Amino acid sequence: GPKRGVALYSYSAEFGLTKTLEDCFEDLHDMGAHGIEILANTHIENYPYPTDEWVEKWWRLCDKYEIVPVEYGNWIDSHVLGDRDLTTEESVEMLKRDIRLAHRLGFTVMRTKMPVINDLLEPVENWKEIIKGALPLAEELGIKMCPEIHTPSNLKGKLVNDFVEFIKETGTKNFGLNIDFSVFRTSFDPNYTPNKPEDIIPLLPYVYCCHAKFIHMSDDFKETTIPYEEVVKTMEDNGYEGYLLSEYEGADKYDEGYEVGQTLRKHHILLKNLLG
Amino acid sequence: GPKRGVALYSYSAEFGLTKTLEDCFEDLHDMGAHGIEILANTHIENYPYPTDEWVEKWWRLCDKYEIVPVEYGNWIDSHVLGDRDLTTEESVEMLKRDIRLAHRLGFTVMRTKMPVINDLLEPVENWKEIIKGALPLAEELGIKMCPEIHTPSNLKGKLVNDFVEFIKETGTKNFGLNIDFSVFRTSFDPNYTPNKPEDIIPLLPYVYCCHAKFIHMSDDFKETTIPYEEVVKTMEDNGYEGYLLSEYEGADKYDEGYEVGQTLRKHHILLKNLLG
Amino acid sequence: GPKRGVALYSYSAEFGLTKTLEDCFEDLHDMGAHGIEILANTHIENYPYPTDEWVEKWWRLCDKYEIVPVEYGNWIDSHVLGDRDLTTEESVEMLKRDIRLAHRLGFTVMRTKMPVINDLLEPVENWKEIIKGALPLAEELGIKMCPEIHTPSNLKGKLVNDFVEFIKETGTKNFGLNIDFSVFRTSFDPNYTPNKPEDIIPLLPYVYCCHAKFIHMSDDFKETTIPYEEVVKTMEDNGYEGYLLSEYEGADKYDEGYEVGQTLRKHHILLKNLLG
Amino acid sequence: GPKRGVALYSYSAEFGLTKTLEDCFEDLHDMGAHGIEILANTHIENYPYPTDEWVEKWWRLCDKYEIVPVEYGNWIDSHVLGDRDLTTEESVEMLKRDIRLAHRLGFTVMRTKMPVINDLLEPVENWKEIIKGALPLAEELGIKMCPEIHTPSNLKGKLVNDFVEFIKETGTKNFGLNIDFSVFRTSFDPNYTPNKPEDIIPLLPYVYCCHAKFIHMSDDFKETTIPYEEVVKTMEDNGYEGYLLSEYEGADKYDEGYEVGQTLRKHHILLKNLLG
Amino acid sequence: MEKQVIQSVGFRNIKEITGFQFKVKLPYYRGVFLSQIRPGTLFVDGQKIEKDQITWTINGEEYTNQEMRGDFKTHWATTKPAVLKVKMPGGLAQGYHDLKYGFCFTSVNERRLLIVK
Amino acid sequence: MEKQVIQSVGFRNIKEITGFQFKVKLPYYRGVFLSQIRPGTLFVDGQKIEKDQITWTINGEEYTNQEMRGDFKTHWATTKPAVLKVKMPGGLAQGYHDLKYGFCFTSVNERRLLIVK
Amino acid sequence: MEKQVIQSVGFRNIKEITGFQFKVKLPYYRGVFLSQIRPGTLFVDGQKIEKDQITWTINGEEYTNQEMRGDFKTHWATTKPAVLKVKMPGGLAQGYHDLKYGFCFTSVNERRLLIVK
Amino acid sequence: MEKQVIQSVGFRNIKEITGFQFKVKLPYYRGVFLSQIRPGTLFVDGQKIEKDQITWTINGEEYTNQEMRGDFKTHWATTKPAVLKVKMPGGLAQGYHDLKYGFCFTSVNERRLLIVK
């Protein structure tokens, strides 16, 4: 069934200040959360060209703490320059570099963040050519590239359906979706309309990873703003066996004296109550 | 049954010149030889005080090449000084340091080389006090200390019987014997008399590791100077399940153009033919 | 004349949390403070057995930031054990290890903190034998061992005179005094009586380093509790050419949001106003 | 006057096998040869993206052995691909990366090897556009780019004159010549005609570094195939104050038991006899 | 690491569950030898656990109080927190626990932390 | 490093004194390429210093704004603060200075610091 | 490493056994980009294995000849031998094998080695 | 390093020139403690230099024979050659020198090398 882990973005206010990479690995090991999600532009040293010594250290860390590298978070920075947009070839070269790096660190899923052109979060007009230029390498290396479905997007809206039509047209097994649980938030944007858990059912074949986003955990180890119970039961009743990765985005992350590890421990107590 | 491995002493002419530690690990991995024997005064960096970074690198190397740390080769240097002999306390402190290091690198057996006072290879008069001062730590950490039985000593002689009487008197499970196969050599010292394989039978309860010493391997993958077939069949028929560690001591190790890895590959082809 | 620097003890609340060793070196470089005082049990990695790589990194740091290693702060831990006191030989071996390390890092002075037996801060009864066992090595290596004269001790009291009588008896050039400026504090212990600056005049031949201790710097870049002007003028008029090392000991070092670097910058603005 | 050094190409049969970078630095330090010439594609670790730690190690090595980084040897690989030639922009980006790296390691001269299209060693048709695209950065960083003048080219031939006309047209101070002394060889190719030392006189304004190539040193510390005395006297009489860098290219470099350090020591004994 | 003496990272049960562990950083401006450490008494949720049920892992090596008392060659650096392994059959229950550990050195800390089964 | 964007370490004059320098850490959860950086205007003690007087040293290499604008291959990691070298002949005077530096990135900070001559 | 171009370390079968692998060091005084490599034909015990059955692992990443032909950003250092993975179902038999591999670079080696099953 | 016991790298005069230095690797399969070393007599161009004129630098620290005789805690690794500093006022002359150094260890080497002034 669904496994669990942590997205190191939850340690964004701690990483490099009070937490090293090994401290984050040991923190994950404390909760029994063995799926890890890293951001390529944050957690890889000398990125985008890490040394062999750093890669061996990464593998030692993964072995020491029983960490499973699940999701490699990267960006397709087509708007990286200000004077122009990157050609398709440049974006494909950057994406292939990130694919080779993700595979070299043991990751199986890649959370590719595409650049948007509208405020409906529509991807660049050539996102299909970039993805199709990168798909042979991702297939040879066994990597699944997955754009994130985040608020305010809807599991029924046009963005999800464009991605799903692309998947059906190419017949690809290395391109899917990463569902952020914010699309289920029901306790507080004009374009946002809460999805019901069942709305994730026709997408589960293409869902390869999920961001177990939470907003506030109570001292009774309950999430207060998202129907976590119904969502997780829907996923585990319909044959989802990817990971749920805890991702905390609360502003109080940057408050003086905040312990994000305790919030993730509460969230994973909840996820243990739900998954078993 | 009996497993196999390599003693990195076979790479003594290559280590630090053309072979790193990782090259030795990969060489062992080529032959499928997964038991490793290291010498503490050779293969540990900044010995006797390796850094945490080096220990993590060692564990990464062991995981990457499926290496099993079997035997940690160390010396009780009671004659380390010239003006005097070390007190029992100094020797016990050195031995405890080596025990903690062996356990920290994952080793289970320690090949303790005792200093000799006669030419019958009799240990120092206080070897029992040193071993007994180190035995509580070795027991807490799960380390078995084992002096090597080498030529010209005899599996029936007085040295082996002193060690066996010590084992029976103390009733210890963390002190045994490391049998070097040179005590079986039958194809060429006055005090040497070849043992027959059956002579190892009354010692097998106390044998925790063996040095699969060879002298010359033929291109038909046969050892020419030791009855390897009878010896290994005797060990594997009487419930030996420690390791046989290939140890090459031939002078041609230091010849220009010698490939000791090919000789170890021949020896392990032989050991595979015998063990299965 | 008198040079200036910083004792990294001032960064005790920052070191290892928000400041690395290189950050401390760059902080010293900002103020133009080029004398450095380190604590052996704090700032040396894998102490007491640093690797060659760490020593080369230390020399690169000293060259990059024009740092002069002035004072190596160490302790004669004769009361390190609880069941007994260390023999003279053990203390001498520890001191020789610290001398070799201090010389290997380029330090010329060693601030040896002796263990005390009374509350008059009288050293152990065998401090002379320890110092005399270490003096040949300190002389061969060019190291000056110096116990610190701190409050409540008096530049006229029995402790300073015991050290000075030892220096005169042995006729040694590698044993002197490190004067902490707290013996001049006049703005707030029963045994303490403020010395006047002139009291440092008969000791200057044996003073090899000084701790420029301060208690509070005002925004006008003045020390408020110690006659810094008279003290520094006395030292620089009588041919002192060692270092004055800023040492901040205020409890507010550990306050949330305290910037000890700004306090040291104020203190060194003062020392620049005084030294020129 | 002219200084001396070594081009680490002389250690091509030793580097990475029996000589580390630090061994090469210490070898240079033995001879008093303080100019160093490195090849970017050989001696920089994780090239073309070395870590900050490696750069700090390089600076520690330069300080420890009093090495002056003189010449950074790089290649303009316009024919790096087989299907096409690199555009001018790609070559300029590679050259700018090499310029930034050369400046970051302290080098002042860059030996840019241009790709040739004829057998007269004529550079690619767009070498001027590449050099002119790189010249602003080389000028901002204080780097002098210099193509090597090697056999069979002539100090009077068309190649040298094209480079000199380019220098005069652009009026640039960051583009010059690296003269290999093989153009003076007189003791043994159809197109080769030995230059006389005076032929280097009209080029000395543009000569920023020279390869002190030698072919055979005698046990009397004399070069037998090149008029070294006349050449060096011509250079030092006409105000040359760049470096002469020993470069050994003899096939016996790869012979078993060859000591190239002893040959360089003979060559530098000669250069000391000549320069003083 | 963290400002607190008791670190939040590394607080977990030890597996059969034989007890738990937690990390303590040295609250001192210099490192100490193990013989200078005086381990005290742990209080987890008001329940007292005595000194003999706790071992100290420093530099990857585990020591009892008896072993530490005579160890003046092993150095506890201020930047490498010690791991403290407490023998408590069955370990800690899931949820919040109020740790109160006291120790000294020659020449008491509170923490509320979460356990996940 | 520190919590503030403008780091207190590395604030000093640049030597003849041609200006000064200060360090800024990236106030972002991921690293950015240099082409994504939008350097703004510095205000030292209310005096405005424009964008052209400031270069950015990242990974030991110095870049102008023109060079950074087209640099999408050089990566500014969040853990390695950028050095900003401001051309100001004569440098800063000794004592307190109120820095106010603003910059952005695609997809303003205050500090009171001391200068020592 | 070794003097020979074909290294003796790393010569083994690849596991179901899909082929084998061997290491080749760059016989050149400078490193090359992957686009400069011209992989040739392998001859194991006189049996010819063509270029398409061999991939090159460099810097821990595997490349086909098609991928290498257009790769002028990945650098093959002279000190880090390339791994060559040959597709040969069932792998090599135990015992001696005479490897003869040829390759070039822009601007043939023999070896007798042992396989252990 | 090299096959020979006396290394060619590091053979130079020591500066006023107080003598010279050379490197010797440990001709042994394991490292030894300094107390196990028995330094012998140096012969440079047939001229005998006795044991007292030679100090041993190991792990960056210099030891006399008296200091080494009682040093069973400092370890000489086989991969880190010892530096031997010979007191010889005026150092060695430029050109060829035939070194012959003998030493042993508990439980003689030749070399022709060049000096450059």
# chains A, B, ... in the order shown; residues from 1 in each chain; ligands from 1
call {"tool": "residues_around", "arguments": {"residues": "residue G:87", "least_positions_apart": "3", "cutoff": "10 Å", "atoms": "only C-alpha atoms", "output": "list in words"}}
result
residues 13, 14, 17, 18, 19, 20, 21, 49, 50, 52, 53, 54, 55, 84, 90 and 91 of chain G
call {"tool": "residues_around", "arguments": {"residues": "residue F:5", "least_positions_apart": "3", "cutoff": "12 Å", "atoms": "only C-alpha atoms", "output": "list in words"}}
result
residues 1, 2, 8, 9, 22, 23, 24, 25, 26, 27, 28, 78, 79, 80, 81, 82, 83, 99, 100, 101, 102, 103, 108, 109, 110 and 111 of chain F
call {"tool": "interface_residues", "arguments": {"of": "chain E", "to": "chain A", "cutoff": "10 Å", "atoms": "only C-alpha atoms", "output": "PyMOL selection string"}}
result
chain E and resi 1-3+8-13+94-96+112-117
call {"tool": "write_last_selection", "arguments": {"atoms": "C-alpha atoms", "output": "PDB file, in the first residue's frame"}}
result
ATOM      1  CA  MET E   1      22.907  21.311  15.733  1.00  0.00           C
ATOM      2  CA  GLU E   2      20.461  23.028  18.077  1.00  0.00           C
ATOM      3  CA  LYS E   3      20.599  25.502  20.937  1.00  0.00           C
ATOM      4  CA  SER E   8      15.343  16.674  19.042  1.00  0.00           C
ATOM      5  CA  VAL E   9      17.019  14.647  16.292  1.00  0.00           C
ATOM      6  CA  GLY E  10      17.861  11.087  17.260  1.00  0.00           C
ATOM      7  CA  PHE E  11      15.073  10.675  19.833  1.00  0.00           C
ATOM      8  CA  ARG E  12      13.637   7.253  19.038  1.00  0.00           C
ATOM      9  CA  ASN E  13      13.161   3.728  20.314  1.00  0.00           C
ATOM     10  CA  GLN E  94       3.987   7.005  20.984  1.00  0.00           C
ATOM     11  CA  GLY E  95       3.338  10.676  21.604  1.00  0.00           C
ATOM     12  CA  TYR E  96       4.756  13.385  23.846  1.00  0.00           C
ATOM     13  CA  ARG E 112       9.366  17.970  25.284  1.00  0.00           C
ATOM     14  CA  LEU E 113       9.713  15.599  22.340  1.00  0.00           C
ATOM     15  CA  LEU E 114       7.607  13.225  20.258  1.00  0.00           C
ATOM     16  CA  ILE E 115       8.080   9.477  19.834  1.00  0.00           C
ATOM     17  CA  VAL E 116       6.722   7.646  16.786  1.00  0.00           C
ATOM     18  CA  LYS E 117       6.311   3.876  17.066  1.00  0.00           C
TER      19      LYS E 117
END
call {"tool": "interface_residues", "arguments": {"of": "chain A", "to": "chain D", "cutoff": "12 Å", "atoms": "only C-alpha atoms", "output": "ChimeraX atom specification"}}
result
/A:45-54
call {"tool": "select_by_dssp", "arguments": {"residues": "chain E", "states": "strand (DSSP E)", "output": "PyMOL selection string"}}
result
chain E and resi 6-14+19-24+32-33+37-44+47-49+54-58+61-63+75-76+82-87+95-105+109-115
call {"tool": "atom_distance", "arguments": {"atom1": "atom CA of residue D:194", "atom2": "atom CA of residue D:110"}}
result
25.9 Å
call {"tool": "select_by_dssp", "arguments": {"residues": "chain H", "states": "alpha helix (DSSP H)", "output": "list in words"}}
result
residues 65, 66, 67, 68 and 69 of chain H
call {"tool": "write_last_selection", "arguments": {"atoms": "N, CA and C atoms", "output": "PDB file, in the first residue's frame"}}
result
ATOM      1  N   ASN H  65      66.434  10.826  17.445  1.00  0.00           N
ATOM      2  CA  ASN H  65      66.486   9.402  17.753  1.00  0.00           C
ATOM      3  C   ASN H  65      66.130   9.149  19.210  1.00  0.00           C
ATOM      4  N   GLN H  66      66.559  10.043  20.100  1.00  0.00           N
ATOM      5  CA  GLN H  66      66.180   9.938  21.502  1.00  0.00           C
ATOM      6  C   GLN H  66      64.669  10.013  21.672  1.00  0.00           C
ATOM      7  N   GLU H  67      64.019  10.950  20.976  1.00  0.00           N
ATOM      8  CA  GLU H  67      62.570  11.082  21.085  1.00  0.00           C
ATOM      9  C   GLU H  67      61.853   9.892  20.466  1.00  0.00           C
ATOM     10  N   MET H  68      62.346   9.397  19.329  1.00  0.00           N
ATOM     11  CA  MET H  68      61.709   8.256  18.683  1.00  0.00           C
ATOM     12  C   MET H  68      61.843   6.988  19.510  1.00  0.00           C
ATOM     13  N   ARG H  69      62.956   6.826  20.231  1.00  0.00           N
ATOM     14  CA  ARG H  69      63.199   5.583  20.953  1.00  0.00           C
ATOM     15  C   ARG H  69      62.100   5.285  21.961  1.00  0.00           C
TER      16      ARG H  69
END
call {"tool": "residues_around", "arguments": {"residues": "residue C:153", "least_positions_apart": "2", "cutoff": "12 Å", "atoms": "only C-alpha atoms", "output": "CSV table (one decimal) with C-alpha atoms, in the first residue's frame"}}
result
chain,number,residue,atom,x,y,z
C,119,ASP,CA,40.9,28.8,46.1
C,120,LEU,CA,44.0,31.0,45.9
C,121,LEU,CA,44.4,29.3,42.5
C,122,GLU,CA,47.6,27.7,43.6
C,148,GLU,CA,47.3,32.9,32.7
C,149,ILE,CA,47.2,35.5,35.5
C,150,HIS,CA,43.4,36.1,36.0
C,151,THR,CA,41.3,37.5,38.7
C,155,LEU,CA,50.3,41.0,40.1
C,156,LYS,CA,52.0,41.3,43.5
C,157,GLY,CA,50.5,38.1,45.1
C,158,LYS,CA,52.1,34.8,45.8
C,159,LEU,CA,51.1,33.0,42.5
C,160,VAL,CA,52.8,35.5,40.2
C,161,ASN,CA,55.9,35.5,42.4
C,179,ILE,CA,48.3,38.6,31.8
C,180,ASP,CA,44.5,38.9,31.7
C,181,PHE,CA,43.4,42.5,31.9
C,182,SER,CA,40.8,41.7,34.5
C,183,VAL,CA,43.5,42.3,37.2
C,184,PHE,CA,43.0,45.9,36.3
C,185,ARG,CA,39.2,46.1,36.5
C,189,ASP,CA,35.2,38.9,45.0
C,190,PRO,CA,36.8,39.5,48.4
C,191,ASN,CA,40.4,38.5,47.5
C,192,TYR,CA,40.4,40.9,44.5
C,193,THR,CA,42.2,44.2,44.7
C,194,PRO,CA,42.6,46.2,41.5
C,195,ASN,CA,46.2,46.5,40.3
call {"tool": "residues_around", "arguments": {"residues": "residue D:249", "least_positions_apart": "2", "cutoff": "8 Å", "atoms": "only C-alpha atoms", "output": "tab-separated table (two decimals) with N, CA, C and O atoms, in the first residue's frame"}}
result
chain	number	residue	atom	x	y	z
D	9	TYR	N	53.25	18.75	-18.09
D	9	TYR	CA	53.22	17.76	-19.16
D	9	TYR	C	54.46	16.86	-19.12
D	9	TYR	O	54.40	15.71	-19.57
D	10	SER	N	55.57	17.36	-18.59
D	10	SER	CA	56.75	16.52	-18.42
D	10	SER	C	56.50	15.35	-17.49
D	10	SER	O	57.21	14.35	-17.57
D	213	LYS	N	61.52	23.78	-24.28
D	213	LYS	CA	61.56	22.40	-24.73
D	213	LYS	C	63.01	21.94	-24.84
D	213	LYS	O	63.86	22.68	-25.35
D	214	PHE	N	63.29	20.75	-24.34
D	214	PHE	CA	64.57	20.10	-24.55
D	214	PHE	C	64.32	18.68	-25.03
D	214	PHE	O	63.25	18.11	-24.84
D	215	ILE	N	65.33	18.12	-25.69
D	215	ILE	CA	65.22	16.80	-26.28
D	215	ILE	C	66.12	15.80	-25.57
D	215	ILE	O	65.70	14.67	-25.30
D	247	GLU	N	59.85	21.62	-20.66
D	247	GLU	CA	58.87	20.69	-21.19
D	247	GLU	C	59.60	19.54	-21.86
D	247	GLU	O	60.28	19.74	-22.87
D	251	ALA	N	60.04	10.17	-25.90
D	251	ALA	CA	59.27	8.94	-25.78
D	251	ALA	C	59.69	8.13	-24.56
D	251	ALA	O	58.84	7.50	-23.91
D	253	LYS	N	60.00	8.91	-21.79
D	253	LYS	CA	59.16	9.25	-20.64
D	253	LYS	C	58.37	8.04	-20.18
D	253	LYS	O	58.16	7.85	-18.97
